[PDB]
Amino acid sequence: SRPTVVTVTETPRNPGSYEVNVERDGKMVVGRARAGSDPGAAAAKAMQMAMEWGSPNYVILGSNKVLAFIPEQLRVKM
Amino acid sequence: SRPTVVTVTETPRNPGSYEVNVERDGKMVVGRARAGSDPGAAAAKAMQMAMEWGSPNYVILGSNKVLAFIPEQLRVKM
Amino acid sequence: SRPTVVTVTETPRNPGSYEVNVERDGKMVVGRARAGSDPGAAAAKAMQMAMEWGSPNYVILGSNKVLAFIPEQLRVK
Amino acid sequence: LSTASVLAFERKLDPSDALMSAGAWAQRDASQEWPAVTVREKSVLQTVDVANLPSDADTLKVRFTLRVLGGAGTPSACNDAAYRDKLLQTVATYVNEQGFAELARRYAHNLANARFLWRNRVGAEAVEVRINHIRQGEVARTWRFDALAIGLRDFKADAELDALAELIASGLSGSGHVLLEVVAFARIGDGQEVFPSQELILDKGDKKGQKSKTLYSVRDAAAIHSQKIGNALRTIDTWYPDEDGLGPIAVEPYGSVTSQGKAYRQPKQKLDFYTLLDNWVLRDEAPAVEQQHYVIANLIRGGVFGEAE
Amino acid sequence: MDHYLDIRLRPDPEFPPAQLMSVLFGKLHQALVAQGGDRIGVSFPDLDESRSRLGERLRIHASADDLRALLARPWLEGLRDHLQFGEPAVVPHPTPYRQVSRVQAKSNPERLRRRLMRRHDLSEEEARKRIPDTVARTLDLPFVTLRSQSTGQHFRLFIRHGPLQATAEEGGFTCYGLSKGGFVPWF
């Protein structure tokens, strides 16, 4: 598991609020940090956590409402 | 039966929604938790459950629309 | 990652204040610089950081309270 | 018989975030609309956050509030009633021997000399502390202290210091409701550098171009963390195994100055919080009159004290 | 001189010792410029020139009683808790030729490029090609933080204890600059 993995998941305890998890190399560096209250803030937080914490590769995972704000299959992988 | 097993399955009672199960060391840690209504949220929830639970090794199972978001066999197994 | 990326995130240690990150061509040029205490100043600083630090292909990310002060054609180059 | 698997104590001496403002001296009796100082960025190829007084202001003013809640021995959670009853009997025995008067006097001493001004007290010229007792939204009693005459090392005596210690003792006992407002004026200099609380961020990345040092702020106003104020006015502990000359340190289990790197009250010697507490509640051994002050101060601070079993 | 005042900093857990040495030196410089005396020597015992750290002691030299009382007050203005200074006692006289003086180094080539461009050799890019490079950047060991007063920034100060050849005693100025620029009797 070489590239830094960034995931954005929605909390089911109240809908419409997200969280982000980062893993660089075999260890978790960010655990359940508040992303936001809309898909736009979650996409912005995912791109911010991928800008830093990143080697020359990364990967972003999210739902099909959050991954619409990220440019289509261009800034999602490296 | 050493690594943590993460399974993502589609609910047949309404098509399009997914649920995740997590087992670690022969004990079912997470049973039928809601993943989402699209394959991207299912992939994000599966990678989050592989990051948090199952520290040394893990295996991620799921449908082919769900595993298309994870890089091919590089991050699925450890 | 060829288009320059400009993201505006709200700092969760005090709610209501924003911070902007700007990355151009693999390496970051602006990391966690202060914006205002309202979405108007944050959107204005995002536009200003979009003019500089990338002339072609900027991306502006942010909340729906921040991306409502700019027109819809000025969010993706 | 056995220490409980869960045991938690609430926080007495609950402070708030200290807010900073700037102004001119001989105006402290009307200082209620002074402008709050703000942090700024500065390039050095790194970017730092600095703070500075305005060029027309030479006096810093720090303001916060304080509460004392009482009921020190009662835990918030437990697992067996026997250990809780023995603990209540032990702390009741302590307060029936001597009320909270030594601890309250040291707390009023730490409020008198403005020790919560951490690094902006060193280059000070004159410091004045004002303390108000808020009863029904108004002022019921005012105390005004000189902080440079009241030193840091030794614990001197004063009439108003005894009055403030009586107020804090009545608050800690459980016979009144004490709300304090603390304001401190320090005469640093015309446009000098003030030191807000530095920030810790567990999400900041590693690649170059990132900010090297950011400061704390509350709605565009430079402030200090509340836990730094608590650690500032918790330094009352001086009865430890090291010789006299270093000074008093803060009340922590295995009392340790981590910035230096040393750790006094190691568990190899029998002078930490846990073993003295276990001997007090289980083997009916009071260590000394001095160690009871340390154990009760560590219970006023609070924590999570649970043995597995 | 025969009016030495040794100061031994009390160990404080909240503050590192050099962070208080900088404040002591700043107050000493500010209240030494403020007086009428011009040459007031300053020496740094407990020097420890093997691990690259400045000492915990400091002594003064002023050939008067009123001036040494003025400087006993001057370095002790407002603090009264961190110094823990001593009493002026009669000095011994080994005088092993040790002279303590300021030194200065150049580690910023961009200031040299600015001085080349905007003052004498009016150009645009000849400056960056000709002299500077990311090499030959100097260093000096004893550091003093020393925030400035008249619209300045945080700049270090480096000092040197000279040759300790015990052969004779050469007369020198007591102080050239803020604190010390000449020879002092060393113990």
# chains A, B, ... in the order shown; residues from 1 in each chain; ligands from 1

$ select_by_dssp --residues "chain B" --states "strand (DSSP E)" --output "ChimeraX atom specification"
/B:4-10,18-24,27-36,58-61

$ calpha_fit_rmsd --fixed "chain B" --moving "chain A"
0.5 Å

$ residues_around --residues "segment 228-239 of chain D" --least-positions-apart "3" --cutoff "7 Å" --atoms "only C-alpha atoms" --output "ChimeraX atom specification"
/D:15,106-107,110-111,115-116,225,247-251,290,294

$ atom_distance --atom1 "atom CA of residue 154 of chain D" --atom2 "atom CA of residue 109 of chain D"
9.6 Å

$ interface_residues --of "chain D" --to "chain C" --cutoff "7 Å" --atoms "only C-alpha atoms" --output "VMD selection string"
chain D and resid 209 to 211 218

$ residues_around --residues "segment 131-140 of chain E" --least-positions-apart "2" --cutoff "8 Å" --atoms "only C-alpha atoms" --output "list in words"
residues 105, 106, 107, 108, 109, 113, 127, 128, 129, 142, 143 and 158 of chain E

$ residues_around --residues "residue 11 of chain B" --least-positions-apart "4" --cutoff "12 Å" --atoms "only C-alpha atoms" --output "PyMOL selection string"
chain B and resi 15-20+32-38+63

$ residues_around --residues "residue 44 of chain A" --least-positions-apart "4" --cutoff "6 Å" --atoms "only C-alpha atoms" --output "list in words"
residues 7, 61 and 62 of chain C

$ atom_distance --atom1 "atom CA of residue 265 of chain D" --atom2 "atom CA of residue 12 of chain E"
17.9 Å
